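One structure is given here, and the rest of the page talks about it.
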Ligand SMILES: Nc1ncnc2c1ncn2[C@@H]1O[C@H](COP(=O)(O)OP(=O)(O)O)[C@@H](O)[C@H]1O
Ligand SMILES: Nc1ncnc2c1ncn2[C@@H]1O[C@H](COP(=O)(O)OP(=O)(O)O)[C@@H](O)[C@H]1O
Ligand SMILES: Nc1ncnc2c1ncn2[C@@H]1O[C@H](COP(=O)(O)OP(=O)(O)O)[C@@H](O)[C@H]1O
């Protein structure tokens, strides 16, 4: 399956090692993924169906 | 934009259909008799009948002999082979000089082979090798796939061994040519790019065309291409090796037996109508540097049945033949060889045709020159030499450019004349000074 | 012994794995690298007897030229402890 | 079919009678009756093949026909007799000495004849049934060979199984096998089996299925020169050196062994020695070492007849500083019989020009033939022969089939001979580059 | 920079010319020869235009007048990636290559082709690697965490990346560059961890990088000849590359230029002491400049009405009349006292010499009477004499000492001519005995 960016929908070349969120590029990472509040990364992964937290 | 060399302005002989010569056509001006002689010569070459013809062009330096050779070269067209050559190039340190002359002789004879190129492009969806022993695979069934569709092929053991050479797996874009059998692996497909996040497999996209593409080509080879193809001291010319062989092969004396066998095979292919024979022109510029031994071998080799039209050019007068001591001869050509030749004379020029030459080379190199500047350049060309004016067209344009102008005026011409010196003025400076200029 | 030992000049083409595969095939040709070497004896026994490969079907081996002694086998020279005595004349005496 | 019209293509042989008496004009050779009779005598002592190592020299002025008489001798000699026509410039080589070059020419001009007896079975293979031996020794096979006409089944030994496996042969592959010698070939793949496989192999060749009888019988005669045996026996894989030319100074023991076993082969009768003619054109272009080796190397029983041509008068010999007749030392002229040619009158020039016009398909009118005859007797024969073809092209450019006097006059005007070029450069010496490297390129001083 | 000690032409950084091609009196390390500098600037603009091919220019004059200095100014002011080939005249006489084909190699080494290509490259700082070995080793999977100053990511590795990471052992804290297409990893160096050192690279991995390649036509001729690998470019055993591979290359680069994938970069060939070439090499130079893919050839010579090599006669500049007809001649003049003084001051400035004004004037006078290279050799050796007496400044007595110790040309000629019996003459007669 093709991997996509979790917040922007583009080609997700990179995935963060902390919260397992696939992001597009550097601006996306430093503006969204790093300042992301806890408890919403599972909300992002629910759309991909990997809301691991149960 | 295109580069301009010395002979870019000349396109051809500029002759009419009736054989007469127009005064200003084809990049030529004047020289009507030698142009008509070379037109008769190119009609002889296009007749494709006779072998071993020779023509010597006689005339002073800067009279347009190599211009006539290039005009002959374009008049024959790209179909007819042409091997222009300096007379100094025959003296080689790997192989003897006569064998280099005979190599150039074979180089001036060419073939045409019509062949078709059918190819298969796309992704390996399936690869099922059927063994059918009789440990040895009988055949392999490979299915290819592109954007316009898919197509299944049946392949022999040798293409399967070439596939295993290229390390082709399922999902790799390949290249298969049906006639030759070349197998080239372009890379893994784009749909298989996310199996791993990072791997060495170069992911090329799927081809947008049909899998099967067929087109026809024409292969222009010469006889010498064939003789160096099947006479290798160390074989293996077919295998692609980016790093070379461990022993460098040396150029060797190719025997008459291989020439006879290549001639027999080429005649067999022509009699089937596969190949067409196009005789060409071997042009030897500055024949006066040829040794007497090359002249003797040329005397022998102008009698062969497959020899091309040989064009020689010289500018010397009563000169000693190279390699001799007391043999004076016209144009440095020994008198036995000059009986076989047809000498065409080349005349010098005067002021008006020098002016038309200079404005043609101004027009081709797209510098705008003023009229009185052109008259000064023509007068200076008549005084010094022609090629000095031809080589000082471009610094005049440079000095006009640095003064933010597009038209060359007289002051640029005097500035270039003061900066750059001809042979006579530099010789005058050379004679007066004592300490090595 | 030579002063500098150097591998052949590496050609680097950026963006193509076919160049890497072709260069890897050229430098490390399995027929030729198998030719200048030998097969281990356990592999020969496992090949001929266990898998039933005939002896003639083995790839050709042992074609590297034999060096003159064991001393000419490699360019590295081990520091001889016998030479340590003779390095210093005071120590040798 | 590859060969084109040359300067010497009209000559088909010496125009002799059965009594060695030359006809006035036969087989393209005109005149030179004494020279043609001498060449016929040389031809007869070649064809007898009982005399070894004679040197005959052909002497004459230029444009007389020494080369023409030599290649006429070659044409009357026929095929299956070796003939080597080399210039004196081919001797001087870098990796081979001059003496070894003459030895290679001498042994390239003499050969032996070998008879073959072939029983060939040329057919398309249908099936290769293998009868696998339990021990593996003496493997049996059932070959299904099949032409268009008939098919049968053959019995095969172990080594022919090895031969058909060491080169890969399958069903539908055209081969031929000899019964007596066991030679195996692979002609390719039959054209009926071309559409089975969608992409061809790298080496796969398409040949027609054979016709007629399966097993055919034929005898072949092979003529191998002694130099080819010298090349073959020198190296392990020496047949490439027959074609690349890298022989490399074959030692004397090899040639001595080859000579003695060709002699005992003649004794037991498998081979018959066929002598030949070596034609050293322009022999004045040779060193004194070459002349000395030619003198001492003609006294062996395996030495061909040497024909040499010279247009040089009393000039110096190369490699020395003294002048000698014909440019040859007196030792070489001692072991020589000289064929002397003489120049032609206007009738012989007219007939030779007419022959060369009929050879190049040029149709000459009578007045144009007379004008070309006058130009030939004035300047030279070869200038007129070269004028014929350009006169034809000038006539064809004027939309005419035959040549008139005007086309010959225009061809004479456009192209210059040697004498007019000499006068035209002697009149203006300032424009050309002198012997001292002085020239005037300025058109106005 | 490379390996660069002080050479004879090191102070030259180009041609001291304005935008109107007017030479400054002293600029860019080069002083004097105003007409020669303007002519060389015109030739420089002719090269930079690129629309003119196969022109031959000739710099001629007395020795020690700056013809080689002018050529080195042209070479320094060309720039980078425009090819410049400098050969002496005595180099084409080879024992394994013919002279005309060596000239063909020297011609074709100076024409370059310009290809632009883009590649993806991953260059980051590795946080940690983690690879789990299998039960036996049939399949190996592992994870890889790399970072930059901006980004941070985790990668899943297949078989081939793990095999290419075990080879070239990559630890935590390394900075490596990963080529995705060719599978090539290069270790740039260890990052700033105290425990070679290179700073951590900036963000935006998988970045587009454009590398512009300039390859001479001689390399393509050696590559396209299938019997020669690229190792003939370094070992130098090409062995008379044939004409058909060259004409194939000429047509292919022509179709590349018309297709738009490449751009022809013409260059300069400089031949030192062109008078040592022979007559057939001159003939090949005459008929080789006609070609469209030919450089602009600079020849420097000082001989005047000398014999030509391989012929018996004599010709001006040691060159036959047709080659002088094919060429345009730049004449260099000699130097007066002030130009010699400024050259010596520039040379002393580059060789790090602090020298007295009177010692400078003495070296200037020795450079007026005796040729300039004698004084230029004398500065450094006088400076060594100056440090020999522990003085950091070169004085007049150091210059007098260097004059007394190291002889010039004319004094050695006189000293030989007065004592000719001690040496060996043309006939090999020598009187070694000192008395009777
Ligand atoms: N009849 C002509 N018309 C136009 N240009 C000419 C003519 N003759 C010579 N030239 C020019 O003169 C230049 C040099 O001529 P070239 O052939 O080198 O002289 P040479 O015959 O001595 O070799 C060529 O570039 C050519 O363009
Ligand atoms: N006997 C002959 N019969 C017919 N043509 C001849 C004869 N002798 C010479 N020729 C003509 O002479 C030309 C070449 O003669 P050649 O053998 O070169 O003379 P030479 O032996 O003096 O060099 C050929 O074109 C050929 O047509
Ligand atoms: N105009 C100049 N500017 C700077 N240095 C110069 C100049 N002219 C000559 N030189 C110096 O003079 C020395 C010898 O000159 P050189 O170029 O060898 O003369 P030539 O070219 O005649 O052999 C060189 O070290 C060079 O740097």
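Chains as they are written, first to last, in UniProt numbering: chain Z, 112 to 165; chain B, 21 to 154, 161 to 463; chain F, 1211 to 1303; chain S, 16 to 460; chain U, 15 to 209, 220 to 460. Where is the CB? At the ideal position from N, CA and C, for every residue including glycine.
Query: Would the beta-carbon of residue 124 of chain U be found less than 6 Å away from any heavy atom of ligand 3?; Result: no
Query: Return the CA-CA distance between residue 369 of chain S and residue 380 of chain S, expressed in angstroms with no decimal places.; Result: 10 Å
Query: Taking beta-carbon pairs under 7 Å, can you tell me which members of the segment 151–179 of chain U lie near chain Z?; Result: 159, 164, 165, 166, 167 and 168
Query: Determine the extent of the beta strand (DSSP E) in which residue 230 of chain S is found, giving its start and end residues.; Result: 230–233
Query: Taking 6 Å as the line, does the beta carbon of residue 417 of chain B fall inside it for any heavy atom of ligand 1?; Result: no
Query: Using beta carbons (cut-off 7 Å, strictly below), is residue 424 of chain B in contact with chain U?; Result: yes
Query: Counting only beta-carbon separations shorter than 7 Å, does residue 451 of chain S have a partner in chain U?; Result: yes
Query: Report, in whole angstroms, the separation of the C-beta atoms of residue 284 of chain B and residue 237 of chain B, which I expect to be a contact under 8 Å.; Result: Wrong, their Cβ atoms sit about 42 Å apart, outside the cutoff.
Query: Of the choices F:1249, F:1226 and F:1237, whose alpha-carbon is the least far from that of residue 198 of chain U?; Result: F:1226
Query: How is residue 138 of chain U classed by DSSP in three states: helix, strand or coil?; Result: strand
Query: Pull up the distance between the alpha-carbon of residue 444 of chain S and that of residue 343 of chain B, whole angstroms please.; Result: 7 Å
Query: Taking DSSP as the reference, what is the three-state secondary structure of residue 242 of chain S?; Result: helix
Query: Leaving out five residues before and five after residue 455 of chain S in sequence, what residues of the same chain have Cβ atoms less than 8 Å from its Cβ?; Result: 445 and 446
Query: Quick one: using the 10 Å Cβ neighbour count with 16 as the cut-off for buried, is residue 1217 of chain F buried or exposed?; Result: exposed
Query: Kindly indicate which three-state DSSP category residue 212 of chain S falls into: helix, strand or coil?; Result: coil
Query: At what residue ranges does the segment 333–404 of chain U contain a whole run of the alpha helix (DSSP H), taking only runs of 4 or more?; Result: 345–349, 361–374 and 381–393
Query: Could you tell me whether any non-hydrogen atom of ligand 1 is closer than 6 Å to the CB of residue 343 of chain B?; Result: no
Query: Beta strand (DSSP E) containing residue 135 of chain B: first to last residue?; Result: 129–143
Query: So with CB distances below 7 Å, who are the chain B contacts of residue 258 of chain S?; Result: 257, 281, 283 and 284
Query: Compile a chain-ordered list of the residues in the segment 217–238 of chain B whose CB is closer than 7 Å to at least one CB of chain Z.; Result: 220
Query: Under 8 Å Cβ-Cβ, which residues of chain F neighbour residue 255 of chain U?; Result: 1218 and 1219
Query: Counting only Cβ pairs nearer than 8 Å, list the residues of chain U close to residue 140 of chain Z.; Result: 164, 165 and 166
Query: So, using beta-carbon positions, are residue 425 of chain S and residue 409 of chain S closer together than 7 Å?; Result: yes
Query: Take residue 273 of chain B as the anchor and find which of U:251, U:139, U:181 and U:328 has the nearest alpha-carbon.; Result: U:251
Query: Would you mind working out which of Z:118, Z:113 and Z:140 sits nearest residue 158 of chain Z, comparing C-alpha positions?; Result: Z:118
Query: Rounded to the nearest angstrom, how far is the Cβ of residue 182 of chain B from that of residue 212 of chain S, given a contact under 8 Å?; Result: 5 Å
Query: Note down, in chain order, each residue of its chain lying with its Cβ closer than 7 Å to the Cβ of residue 1287 of chain F, except the 5 sequence neighbours on either side.; Result: 1211
Query: Could you tell me if the beta carbon of residue 26 of chain B falls within a distance shorter than 6 Å of some heavy atom in ligand 1?; Result: yes
Query: For residue 173 of chain B, does the three-state DSSP call read helix, strand or coil?; Result: coil
Query: For residue 153 of chain U, count the other beta carbons within 10 Å of its own beta carbon; 16 or more makes it buried, fewer makes it exposed. Which is it?; Result: exposed
Query: Using the DSSP secondary-structure output, state which residues sit across from residue 237 of chain U in a beta bridge.; Result: U:129
Query: Tell me where the beta strand (DSSP E) around residue 169 of chain S begins and ends.; Result: 166–171
Query: Kindly examine ligand 2 and report whether one of its heavy atoms sits closer than 6 Å to the Cβ of residue 44 of chain S.; Result: yes
Query: Say whether chain S places a C-beta atom closer than 7 Å to the C-beta of residue 301 of chain U.; Result: no
Query: Counting only beta-carbon atoms, is residue 204 of chain B nearer than 7 Å to chain S?; Result: yes
Query: Could you tell me if residue 377 of chain U is buried or exposed, where buried requires 16 or more neighbouring beta carbons within 10 angstroms of its beta carbon?; Result: buried
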